[PDB]
Every structure is written in C-alpha cells, then in structure tokens.
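The block underneath contains the structure these notes are about, expressed in structure tokens.
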Amino acid sequence: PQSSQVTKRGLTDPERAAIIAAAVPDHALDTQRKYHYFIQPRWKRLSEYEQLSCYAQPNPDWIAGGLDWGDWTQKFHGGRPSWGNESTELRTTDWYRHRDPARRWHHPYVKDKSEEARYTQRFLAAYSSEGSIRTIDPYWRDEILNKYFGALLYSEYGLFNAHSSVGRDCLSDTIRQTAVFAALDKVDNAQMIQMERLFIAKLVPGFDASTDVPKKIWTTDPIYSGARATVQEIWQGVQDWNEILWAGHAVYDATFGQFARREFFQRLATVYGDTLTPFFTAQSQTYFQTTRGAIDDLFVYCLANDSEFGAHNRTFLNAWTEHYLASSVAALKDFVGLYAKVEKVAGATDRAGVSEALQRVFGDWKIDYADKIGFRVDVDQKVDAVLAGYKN
Amino acid sequence: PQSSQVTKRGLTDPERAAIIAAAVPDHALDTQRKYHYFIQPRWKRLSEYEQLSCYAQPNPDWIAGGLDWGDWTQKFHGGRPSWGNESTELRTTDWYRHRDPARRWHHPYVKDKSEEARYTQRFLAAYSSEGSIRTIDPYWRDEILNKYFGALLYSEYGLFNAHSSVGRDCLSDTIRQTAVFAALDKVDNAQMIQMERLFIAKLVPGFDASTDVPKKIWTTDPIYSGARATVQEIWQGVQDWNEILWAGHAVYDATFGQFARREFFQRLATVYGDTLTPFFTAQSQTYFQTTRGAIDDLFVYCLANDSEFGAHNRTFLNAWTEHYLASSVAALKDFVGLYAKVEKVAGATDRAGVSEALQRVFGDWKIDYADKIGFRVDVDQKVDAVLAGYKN
Amino acid sequence: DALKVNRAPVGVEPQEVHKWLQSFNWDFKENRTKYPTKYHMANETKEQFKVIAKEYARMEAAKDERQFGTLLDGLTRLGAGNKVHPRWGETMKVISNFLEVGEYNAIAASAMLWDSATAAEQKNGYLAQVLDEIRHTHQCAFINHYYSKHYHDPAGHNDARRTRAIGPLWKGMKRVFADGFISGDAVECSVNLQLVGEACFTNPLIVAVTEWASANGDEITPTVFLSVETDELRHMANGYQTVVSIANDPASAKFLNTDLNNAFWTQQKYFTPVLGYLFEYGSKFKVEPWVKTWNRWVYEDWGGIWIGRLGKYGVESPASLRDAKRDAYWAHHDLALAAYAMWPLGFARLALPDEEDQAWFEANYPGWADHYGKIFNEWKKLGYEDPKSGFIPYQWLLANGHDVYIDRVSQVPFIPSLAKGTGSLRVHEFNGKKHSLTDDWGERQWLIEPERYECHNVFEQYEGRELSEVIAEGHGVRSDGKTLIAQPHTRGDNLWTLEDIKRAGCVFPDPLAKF
Amino acid sequence: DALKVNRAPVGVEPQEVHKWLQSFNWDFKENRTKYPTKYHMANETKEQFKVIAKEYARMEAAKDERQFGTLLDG
Amino acid sequence: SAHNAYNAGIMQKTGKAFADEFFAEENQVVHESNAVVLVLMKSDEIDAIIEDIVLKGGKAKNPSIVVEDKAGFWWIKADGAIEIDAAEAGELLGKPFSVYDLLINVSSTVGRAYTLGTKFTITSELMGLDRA
Amino acid sequence: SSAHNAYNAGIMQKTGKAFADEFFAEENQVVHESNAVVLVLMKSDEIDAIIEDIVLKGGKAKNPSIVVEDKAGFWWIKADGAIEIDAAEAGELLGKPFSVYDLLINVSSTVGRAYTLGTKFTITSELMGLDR
Amino acid sequence: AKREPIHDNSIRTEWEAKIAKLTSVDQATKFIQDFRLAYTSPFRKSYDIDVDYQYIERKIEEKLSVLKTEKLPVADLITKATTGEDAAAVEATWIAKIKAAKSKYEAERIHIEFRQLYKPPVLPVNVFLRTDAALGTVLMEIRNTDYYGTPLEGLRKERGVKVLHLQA
Ligand SMILES: [Fe+3]
Ligand SMILES: [Fe+3]
Ligand code: NA
C-alpha cells in the first residue's frame, strides 16, 4: 500500500468518467477553434509557428504593437521597465511583425539539430574505420587546420555570448526565438570545431587537441587581431540589441566569418586533401544561411522598410554598417596574412585566388545586405583594402 | 448519424470498462515478462533487436537451428521447399546465430536514414545559397565527376539488385534483415549520385544531369568493363545467397567499390576544389562500414568459425575469393585508366599516389577479410597487377 | 564562372530523382529472373507512388515516432496494457504472432516480385514493399512484446515463436499467408499475395480487427495495426500494375483466372474460419457478426471494386466463391468446436460463450443454439473448465464418433459429422500412404500436385503419445514448469497443470486407420 | 603516414567536448556583465549536467517525439 | 447516398432474413461496383481533414460520400473517386504537409490509388485497362 | 521500513482542527532541516521498468528508507540521504541503448542536490561545495 | 504405433551412426542417392521413417559436403557433380528430358527424380538451382493447361489413387 490515495483517473475510471460525461455539454460553446485566430498571418494562412509564438510577450500598448495596457508591475531600481523602448535606437510600428522564414519554434529547431547530432557520430565512427585521414596533407592538418581553425572557435564563441543581453532586452517573441536559436548555432560551431580537433587527436599520434595553442593564437597572433577586437566590441561593448544582431550577423560574420569559414578553411580543405573538415563546415554554413534568413527579415522586411521608421532605421543601420564594415575589412586585412603560411596553389592561394575570394564575400554581401538598406559600397575598394595585407 | 453502430471503447466507456475490470484477475498469471526469453543472447544482455527479430523465421528442425518440425505445407512444383538447405553451399549448426553489430531492426534503420534524408535537403538549400560551387575545378566537374561518378551509380544499382534473390532464399531472420538493409543502402547510393548531378544542374548552366552519358560509359567504356562484368555475374550469374553477399560486399565492393568511391571520387574531390561531392560520399562510406560490420559477423564470426563447418565453409569462401578477387583486380586494372584523363596532382594522381591508394585498399582488405578466412594474398602482387593498367 | 552563380535556395525533391530510376537498368543476356514462372509478358510499368530510399525512411520513421510515442508514453501512463478484457488479450497472442509469420513470408514473396520485375521502377517499388514487410514483422512482434510487459498473462505472448509449433491451428497458418505466397510462381505473387492477399484479406485481418480490439479495451493493437496498413496502399498498387500487364497479353491472361481462384480458395480456406473464430469467440464485446464483416469487406467491396470491375477485362468471379460464402456463415463455428476441444495444444486461454454470447450467436446465426450451443453447454456440465474433472473434449468427440481430420493441403481441421461449413471427406491411398482431403478445390490441387503437399499433420507426429508429454516436450508451460500456458477458462484461479492433463489419459490416434 | 592508421571505430562523446568549454573564454577589460547587481564575488564554477549544443537537441527532440506522438496520435 | 453506407442493403437484415439473401442464387458471384473505400486512421491531422475537407468540399463535389466512425479509423465510401489535396490540408493544419506526409495516416484503400502532384486520389477507374 | 518519508507522513495524517492546530503551532512557523531527498519520475515504459526492477529492489536494498508512491502520472520517491540510478543497469534491463542522458528524459523533478557522475544519476542531501 | 519424441529418437540416432561410417565421396553419393530414392517424394519406396527422413537427409548432406571439401579439388566443387558427371551436361540433359515429356505425369516424375538424384551436395548449388527453376517452369506450364478440364473422378484414376472413402 501507500500513505496517500491512489487517484482515480477521470478518463478511465467508470464512476468518474460517467460524472464527467454528464457534465460535458452535448455541443460546442463556440466554433472558433483556431488558436489565436487574431494573429495577422504573414503568409496565405496562419502557421503553427505563429500560433505558438506570437503575442507570447505581454507588451503594453506603449511598446509598439503591444495588446496589453498599463505600467509593469515591478521595474528596476531607478525605473527601468521590464521591457522598454530605451533598449534600442530603432523604431517600428509593431515589434511583433518579424517572422523567421524557417518558421522555427522550439520543436522543429531541436528536431533538425538532433538529426545532425546523431548522424555526425555515425559519420565519425565510419570515417575512423575508413582511415580516410591518411591522405590529408600533414602540414595543413598540423600547422594550419589544428591551430588556426581551432583559433576560429573563439570567434564563434564570442558571437554566441553577444546574444546574452539580446535574449533579455529584445522586444518581441519571434525576435527572441531568432536571437536564441542563432546563439546556440554559434556555440555549436565552436563546439564542433573542438570536436573535430579532439577527433583528429584519436587518429594521429602526436596531434594535440588542447585549446592552448588556438587560444594563444586568438589572443595574441596578429592574424586574428582585428577579428578579436571586433568580436569583443559587438559582444561586450554595446547593449543596443538591434546593433548587436546587425553588427554580429549582417556585417562581421557575413564578411570575416564567411571568408574564414567558407573561403579559407572549407575551400582550402578541398585543395589540400582534407576529407574531414568539409563535414564540419557543412553544418556551420547551413546554420549561417538559416540565421541569415531570419536576420534578413528582421532588418530588411521589418525595420529598414517600416512604414513610419524605415528611413529613420536606415540612418542608424548605415552608421552601424560603416563602423563595423571598417572593423571587418581590418579583420580581413589581418587574416589574409595567414596565406603567407600555406602551400601555394594557383587560383586559390595566390593573389588572384585571394582577390576572387574577397570579391565573392564583399560582392555577395553587397547584394545580401548593403543594397537592401541603401548602404553604398565600392566592392573593388574593399578588396584592394584587404589585399594590402596579403604578402605576394 | 451513421448506418453502423458507434462502437463503445472498453478503455473509456464506463459500462464496458467496469465489465473488463471485473474479469481481469487481481494478479499476474506468470512472472516471465521478457519477450522470447529463450533466445540465446549474443551480448551480456538480451537486446530488443534480438527479441523482435530472432526466430521470426519458422524453420523446422531439419534446417539447422529451427525450432519447428515437419515438412512445409506447400512447396514449389517439383518439390523445392519454401526454405531449404539446397539454397547455399555453406553449412552451420544454427542459421540463427548471425547478429548485426548495429542491432538494426526496422525502426532504428529508418530512423537514422530519415535524419540523413532531411539534413541532406537542408544542406543543399544552404549550399546553393552559399554559392560554394563557384570554386570547383570545371574540368573535374564536367569531364570526370559528371560522367564517371555518374557511371558509378550503375555499379551501386547492380549491387542493389543482387540482393533480390538473397531476400527470398536466405535461411534466417537476422540474415534477411542484414541483406535487405544493405540492398536499400546500395540503391540509395545510386539515387544520391543522381541527386548530386541533378543538384549541380540547377547551379551550372549547360551542365547535363541526364544519365545518357553515364549509362553509355558504364555499358561501353573500357574503364568500367571489368566492373560491369563482375556486377552482372554477382547479380544475375549465381543464386547461392551466401556467395552473392560475400562476392558483392566482402570482395568486389570492398576492393573496387572502396577504391572508386573513397580513393578516387572522394579523395580527388579534396584536391580539385570539390566542396559538394564529399557530402555525398560521406553517406555511402558510412553505409559501407555499417554494412561491413554485419557482413563481417555473418561470414567470419558465424560461418568461418562454426564449430562443425568452419573449415568446410572456408574452403568455399577461399574458392569464391580467388575468383572474385581476380574479377576485382581486373576491374581495377580497367578503372585506373581513368587517371590518364585527370589533371596530374603529385602524390594523388601520379604513379606513386595511385600505388599508395591501391596499397590502402588491398592492405585494408587483407586485414578486414582475407586474414579472417585464411585467404593468403600478396598485396604488392595485387597492387602491381592493377598498376599494369596505369598509363605513365 | 568563379564570381557569378544563381544563389537561390534549391534542393532536389524525391520525384526529381525518381524520374531517372527507369534508366538505371542496362541490358545484358543474363538480366532476367531466377525463379520459375508461367508469365513472360512485357511488364515495363510505372509505380503510382514515387518513392526513393531517403524519402521511404522519412515517411516510415515519422509513422514510427507517433506510434511509439503513443505506446511507450501515453498508453503506458494510462496503464492501458492491462485494461484489456482477458478474452481479447488472449486472442492477440494468436492474431499478432500468426500475422507476424504472414508479414515475414511477405518479405520473401515481395523479394520474388522484386526479382521477377523487369522495370527498374518496379524493382524499386518492391524493395520498399520488402522493407515494409520487415517493418510489419517487427510491429507484430512489438505488440506481443508490449503485452508481455504490461498484460496480466505474459505466457504465450512471450514465447509463441516456439510454443505455436505444438498445436494444429499453426500448421494452416504456415500456408494461408506463408507457403502459399513464396512456394510457387514468382510473378503470380502479384495475384495471390497482392490482388487477393493484400487487396482483399488484409482489410478485415488488420483494419477491421482494430475496432474489435477497441471494443474490448485494447488500444495498443489499433495504434500499431492501423499504422501497418498505411504501407499496404503501395503494395496493392504494385500488384495491380503487374495484373494489368498480365491481362493485356493473351498468353499470360489465360493463366489468370485459375491462379485467382486457387489463390482465393487457398487463403479463404483458413482465413475465414480462423479469423471468424478469433473475432467472435475470442472477444467479449462483439462489433458485428463475422459473416457481415466478411460480406462487407470480402464479397461486396473487394469482390465488387476489384474483381467485379476487372470482369470487364476477362477476370472471372472465383468459381469457389459459393463454397466460400458457406464457410463465411458456418466454418468459424465448426472451427470453434475443434479449438475448444483441443485447447491444451494451443498457447492461449479460452472462454466458453456465456449466456449473453449464446443469445447473440443464436440471434445472428439461427440454428447455433441447437447445435454448437448444446455441445458447449454439455462440455461445461462435464467440467470443461475444472482442472480436477479429468475431462478433455477431444476424447469425448472420439467416443461419440466425431473424428477430427486434417486436410492434407490446407491443414485446416475438419469434423465431418459436426460441420455445417463447406466440406466432405475424401480418403485416398497413394504409394502406401493414406491422405485425407476435405473439399473439391484442395483435392484437385493434391491430385495434380502431390509433391507440393507432403505436410505432416499432428496425428502423424504425435501418434500414440500422451497429451501431457507432447505439451511438456514443446515447452507449453509457464515459468513454473508445470502450469499450462493454454487454459479452458480466463480466470486467475484453478489453472490446469501437466498432471491435470495427464489424468485424462488422452492419446493421439491414427484417424485414417479405419479406412 | 599514408598507409598505416588506427581504424578502430571512434566518435567524440559530449563530455569530451564539454571538458574544454571552460577554456573558450578569454580575458579582456570589458568582459563583464551589463546589468546592475549587488553580487561581485568569484563565481567560476562547473555545471553538474555536462551538455553541448548537439546533445541538448538530441535530448529535447527525444522528449518531444514521445510527447507529440501521445497527443496527436493516441 | 445511403447505398454507400457500411450497413447498406443486406447488412440491414439479421437472422433468417440475412441468411436468405446471403445464400440467394444471384449472390454467389461478385457484382461490379463503381465505388471506392478509403480508410483514414484517427489523428489530429486526419480528424481536421475529415471535418473541413472531406465532409465539406469533398462531399460538395461528390454527394455520394459516406463517412462512418469505426472507433480507431474513419470509414469512407463513395461513387467513382475520392480525392484529398495535401496542399489544402497543409493550409488547414498550418504546418509543412507534403503528399508524402498525408499518407502517414491513410490506412487502407479499396480501389485504384495514386498521387498526382499534391493530390491523393482513389478511383474506380482501372488505369492501364480503361480508356484514358 | 521508514514511515517518516511517506507522502502523508506526520501532520499530513491529520484533518480538520487537528491539522490546523499543528500547522499553526509555534514550532512550525520556521523551516526544519531535513536529511531527505525527493525524486520524481514521470511514468513511461522505461521508467516503470526502472521503478520495479531497480529502485524497489537494489535501490531499497541499499537505502531501506526509500518510499515510492503512485501519483497517477508520475512516481513519487522520498528517501534519507541520497537516491541513485545507474543508467548502465537500466540499459541492461531495457535491452536498448540507454545513456545517462536518455535516463533524464523522464526524470521530472528533484528536491535536493542532483548531478550525473559517469553513467550514474544521483540526488543527495549533501550540500556540495559547502559540506566537508 | 507409438511415435518417439520429435527431435531425439532412436531412428535419428541409428541413422546418424550409419552416416558416421561414410568415408568417401563416392560412398556418400551412393548413400544419399539411394536414401532420397527410397524415402523422399510421393514416389518414395517407404514411409517407415516419414517423420525423421528430412532431418536424416540433412545429416547425410552435411557428411557428403564435408567429404567434398576434404577430398575434392576446388574445380570439382564448381563444375562437377559428385557422381563424376560434368555439371553443365547434367543440366542440359535433364532440361531436354523434361521438355520432351508428353504429359504432366511424365514431366512431374522427371522433375521429382532429378531432385532425388542431384539435390546438393551432389550437384553444385548454382547449377542445381538453375536447372530446378527451368524444370519447374515447364512443369508449372503443362500442369496449368486446362487445370479444371478433368473432373475429380478422372483425376483420381489418372493419379492412380486407391479411393478409400468418399463422404456422401
Ligand atoms: Fe505487411
Ligand atoms: Fe503487404
Ligand atoms: Na560585477
């Protein structure tokens, strides 16, 4: 036995189920069965993503778009509201407008990453059994990949922590979900970089997967000097949560981050015989494009084209872009000094190869971000600015 | 209303639930709750994989290991039994002994491949958005990858269909599951090769993803002459289901298949700037090692070491190996003529690079298969035989 | 070039890959089936459900996650595993494990269709079907696996893969949806397995049964069985494509009507009495008369939507249908007599029909009370349920001249002196061996094809042996080594032991010795 | 080298990555909280449930599948 | 259309009346039927499809549709054909729902079934035999 | 056994005025240190097997103070000192992969200091970082 | 008659003792062919070991197969029957034999006797399965020609059964 009563279930206990059946009316008391039917659908019909996310944040009418009323029940010492317009320079007619084009609420997000989590481990057990590490260029593996791809995890880690204040300060539910999912993907990138290094250590005797060398390079090597200065500022130098998201994803990671991950480590892996790294960069680059879709909607669809504050917001976005683009080309100018340490491959690591890589990064960024907010940029000028740090 | 009665559920309807509760005894009628507790466990504890799979095949006692008795109820015209010892030369004390080391029943199998299916499409949507195809060597893309990797799908397709008679003829449940899962992975490989070609066609104008050229190469190009002859024989030339599984997976696909997929297309992708193909070869190579574990258990653990028929089975396995290794060495001798069409890369496509690739494949195969059945093989002799087809 | 490319997000949908599957085959002289067949017509067809390997797994894994969520989370938290009426919990020992062997043999049969297919798209579709039948094998196993863990009698749920070999009803199961599929013409499987088996009999066997489970408190089986049948849409579609090509070639079409009739009789000979017995006698709450279930699914819908529609193209109504309809009305009542009389040879606990059941039987089958009802009530008065009675009805049958025979072809038991369903005993001696046949259709099969039908029956194997020794040898006991798995009642007390069986002194005779 | 390597099947468990997480931080003058607080004590501690991003997603998705299966199906 | 009901025709009779028609001479051969039978296992997505698609736009197009509750599944019978557009269901459910996802809970079919684009169809037509 | 760890132990046995008198007694207006721990496991196939074959056998054999109560949707467990569950033991019981992460799928609540050490989950009355 | 236990009885034990004394491929081939002619198929000579012959046949197969691998060269295992005949010639001989049969009754006995004589390990498995399938094709086709043409009374006479009982 037990001290407390074994509760009878109303669903299956005959006596309680009969009582419930007598109390339930023989008809529905309303016909509106669409959960939060009054959400304005972005697409042709209301999505489950919107139903579960939208208006979860209890904003009052004095925060643009809020449906509630009155002041907060408890504020900070001094009077800072729980959420407030003072949290960002940007303005809108409705902070709820943002929609992730991937329509990620929590379940589809972890569902997809769970697939990547389990398949990765099956890939590693098979890769180690295949012995494919035997054909990788050892200099690339030991002197470039282990040290400088390892150092790059600190860039992804810093971008992850830049979201801590964003997760507290931002003013709507869909934005908060976008920000947090982007943060996890960044710390995932840094953890996946370390996972590959620990994995290689099991295959190559003498290969040191410790973070001692990568951390020393990230903190003192001039190759990452500009990048680390930019990450420290975006992470800990600002609290405007829109500035952090824009500078982090739309400027820095869209230029330096894409060049380092895609143009250097992923691309050069496929010229130095690295059959392992492309599996890991496949994930970080997938995460980048997913994040970009949501970041693009927040800043381009919603903020840069807000019916009342579009030009107002572009003024700040232009100023932020000018500052953080200068930071990013300075980071790239420092970073391209790493080509002086790699084995030369024509069309990839020579001046023409690096120039064409910079033209892709700056050119794609002009189309994906600059053109959409009215930021004028001379692509060739930025390429030549970075190439000034390339040793011929 | 409706013409038929709305059946009341015994679980929730008060009247029927009370009747059921009065009829159910107040105690269990046995304490043995382990489903098929009498299965001899391979590992320290009985697994759910074994519980759901083992003795599903209703073999009688005159088929080694069967628990039933008597003749079949209906046989073929002439007298061929539903299952029979005449289906294979190999003998054992118990056909039920085989265990997939991955312990795959149907659910974990489709669960894992579902992860790969959905992640693949997310990877392709991001890869196309990344534009990473821009840095691939166009000659490799158009003249080697599209044509000869496309031709390789027909090898995977033929190996898939080689399992059709095995799925009917084999004599136990765990063996049948191993064979069918291996067959799906092969036809998956052929479909994934075509998927990559169709994907490239959406990114490169003028890139023809039709199978006309790959099929013409598979059926008429001397580079695939030996491979196609071997696949036709394993698929349609024999019905001994143990010979098919051994010749297909343990000899041909372990030698020619591993060289083509891993040493040629996957490896050279990482010297010609191909950031796309490694994502697809990652899957086929994962599938190969999973299949190998199950193939290894059937032929090495169970058959080559069966207490009564081990040496008997090794006699047949040795004869099969000698024949199909010669076929595979002739296939590789034809195949290495493809190196005359590739751009020369020191250590990868020169004679020394091809020699080391053959040493890995033949060397791994001696350790993974030949040593385990007592098949003596001179690796350097087999390497030099293939290199006779290499154009200096 | 190196700078400009279309960066629109694209993938590759399954139908984009599928359109090129037909070109994956190539021509060579040995590219043909390995199995004997009468059908050699052109059969390059297109499959109606485009599927590739990656999408196959995605579809099935999605079905599984919802199914196992219901079983392992929700229903377990509700304790639903022990909310089943004992009659139906015992019935699922037989239904799920017997279907399991049908699913398992369907793997091998689908592999023959895979092997005998000539179009790459058709080989692709049959591999998916082969995989589905593996899934269904493990689904059926999982039902008994779950019952073993949560139901008040795990014995028989936990070991049927060996305890089924004891009893005679298992012999016929190895033909109806097993040997009858895989031991014959490979492309003919499109007729017996698919046009008949999947398109006709899976609906009452797998779908309709779920309403009987729910009526008797079982929500585990509907969760699984209804998921099983979702795969059958592709299986039926695969077979229909081949049946079309057979009907279109005059040389192939001349085999179709005979193969159809033989398939329909072979399957219905066992399916009709056994499933009808398990539905009506292995339940407390009845959904409908079994003969109405059979009329709705077999005669009217399958016979009308498939066979009747195909009549426009030379497919004939099965000549054995008249004999089959008589079986639909009475044969499951005949089988109940043999099942109750030989209960110690099974692995399930049986329940004699109570007064409410008897009224239902007589209302829906007038004449049942004066025949079957009087027999069951006489057995009860003799102590059918009482372990100390020393009474087992099989000896009672013999003492009153009600011999039980086994059809050499179908393995279905036959009691000619008590049967109301289709049948008449034919006893032939051939080459010094006696054979008993029970209907016009099976006797033709045996007379023309004797080397296909050499199945030993329980009387030939058990001849002269005492009942309790056969049961003990076959592991037909619970974990105490003495109490029988099978029981003549569904109560928790007064369970029969091997010694209780032994006191009756039942010895297996040679039923053909008198001929 | 190019021929010999350990081909034993290995992966990387979550705890293997997690042991290096503490080294992901680096020192700089602005590396401190943005919010007002009365608490400024040393607080370099270890979390009792080692988790990384991939393993977090695997755990929660497994919970979800059973939960949504029960709701939408059973 | 009551002729498509589960208990239509002979299924209304019981006792001797049922047996008399069941064993009648004209009922010892099959009778061609222009109907189709669709079975959908109950679930959140399917019950929404039944109420707002099959019993609305479905039965508006095909008034012969009969839907019956069989505890664990839906029983559907109609003349000629039954169709379900996965794109319409996807708009109803508010979540990704391809034609492959629709088949997750499509349990049984009596008739010729296929998928054409986003639409699932079960039809009385004998494709490959009947004139196109 | 140990009745002091029962859900309805002590004051929880009383009703009416008797309960109110002790609930409002002067000595019960401050918290009292407890050496106990409370573990909650939501019901499922895996958990119900763990409860019967681990917690109520070897668990209570090590810690005879363990009390387990049925709370419809979950298990209520209370014991002196600590409660431990070895995922490796559960994996041997279930016959399927079962890491300590998989064990936590249905571990709902904890009152005490909880942690994972290898394959073992433990909730303890010890104040780690403060005690000893 | 009283049958002994199913899986362990004096008949199986006694026959296992006979099998253990086979020492050559020739002796075991004659042993297995005589056994299959005497105890298998509807045209067997004796049903005296009916519930044991299939298990005993398995044990004879195992003995002959091990003797083959111990004594015969590899090429003989692939291209020759243990009678010494060329395997391909055996296939062609029996395919031609059944294609010349003038009735299903002639065709059925050719297929049955082929299996009795050349079932593995006598013939190599690959050759046997090819021939068995080719023979079964012809047998199926001639049997399914006018399947219902002959009444049961005529079929009983054509088969040659002794009709012991016909229920009224
Ligand atoms: Fe099935
Ligand atoms: Fe099927
Ligand atoms: Na501070």
Side-chain angles (χ1 to χ4, degrees), chain A residues 164-165 236, chain B residues 56 105-106 110 167-168 173 176-177 180, chain C residues 47-49 51 56 60 63-64 67 95-114 125-143 173 176-178 180-182 189-207 209-210 221 224-243 263 267 271 302, chain D residues 27-44, chain E residues 39 103 106-110 113:
Chain A
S164 62
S165 68
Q236 296 283 33
Chain B
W105 51 291
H106 190 276
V110 294
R168 168 60 181 88
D173 26 63
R176 175 161 280 99
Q177 285 160 210
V180 174
Chain C
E47 60 170 318
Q48 302 301 306
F49 296 95
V51 76
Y56 171 85
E60 301 303 277
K63 299 176 182 175
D64 283 356
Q67 170 193 260
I95 285 195
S96 194
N97 181 261
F98 280 17
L99 178 58
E100 175 188 286
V101 85
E103 307 290 351
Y104 188 84
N105 277 256
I107 315 172
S110 309
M112 303 179 75
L113 293 159
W114 174 11
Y126 277 122
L127 172 63
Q129 176 169 343
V130 165
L131 288 149
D132 291 334
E133 309 294 6
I134 298 181
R135 179 183 186 249
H136 304 164
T137 302
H138 298 153
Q139 279 173 296
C140 291
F142 207 91
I143 289 176
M173 185 64 223
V176 54
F177 303 124
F181 292 158
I182 70 169
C189 290
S190 65
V191 179
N192 56 37
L193 167 69
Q194 317 211 84
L195 181 59
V196 174
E198 299 172 323
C200 178
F201 290 111
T202 60
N203 292 318
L205 173 65
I206 303 181
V207 178
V209 71
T210 61
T221 300
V224 178
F225 270 14
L226 295 173
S227 187
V228 170
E229 193 74 1
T230 64
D231 303 319
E232 216 67 69
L233 281 72
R234 293 181 271 104
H235 303 189
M236 301 180 195
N238 293 343
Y240 172 73
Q241 290 295 310
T242 295
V243 172
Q267 297 172 41
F271 163 91
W302 174 77
Chain D
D27 292 342
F28 53 103
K29 186 172 299 184
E30 297 80 12
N31 197 5
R32 44 178 158 82
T33 185
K34 312 180 186 179
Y35 296 94
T37 177
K38 317 186 300 298
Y39 298 91
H40 314 281
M41 67 293 156
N43 196 12
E44 296 180 28
Chain E
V39 168
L103 297 176
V106 179
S107 283
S108 188
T109 55
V110 189

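In listed order, ligands and their atoms are each counted from 1. Below, chain A is the first sequence line, B the second, and so on; all start at residue 1.
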(request) Find the distance between CD (C:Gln194) and CD (C:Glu232) and round it off to the nearest 0.5 Å. (result) 8.5 Å
(request) Carefully, step by step, assess C:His138 and C:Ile134 under the rule side-chain contact (heavy atoms from CB on, under 4.5 Å). (result) CA-CA 6 Å; C:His138 298 153; C:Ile134 298 181; 3.6 Å; yes
(message) Whether the side chain of C:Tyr104 engages the backbone of C:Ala178 through a donor-acceptor N/O pair (distance < 3.5 Å, no angle test) should be reported.
(response) no
(message) Quick check against the 3.5 Å criterion: does E:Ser107 have a side-chain atom that pairs as donor or acceptor with the backbone of C:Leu226?
(response) yes
(request) Give the ring-plane orientation class for C:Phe177 versus C:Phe201, where under 30° counts as parallel, over 60° as perpendicular and anything between as tilted. (result) tilted
(request) If the plane angle is over 60° it's perpendicular, under 30° parallel, otherwise tilted; pick one for C:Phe142 and B:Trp105. (result) parallel
(message) For a distance under 3.0 Å, give residue and atom name for each protein N, O or S atom next to the Na ion (ligand 3).
(response) D:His40 ND1
(message) Under a 3.5 Å cutoff, is there a donor and acceptor pairing between the side chains of C:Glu133 and C:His235?
(response) yes
(request) Consider only side-chain N and O atoms of C:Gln67 and C:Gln139, and report whether a donor and an acceptor are under 3.5 Å apart. (result) yes
(request) For residues C:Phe98 and C:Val176, determine if any side-chain heavy atom of one lies less than 4.5 Å from a side-chain heavy atom of the other. (result) no
(request) Tell me the protein N, O or S atoms under 2.8 Å from the Fe ion (ligand 1), in chain and number order. (result) C:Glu103 OE1, C:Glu133 OE1, C:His136 ND1
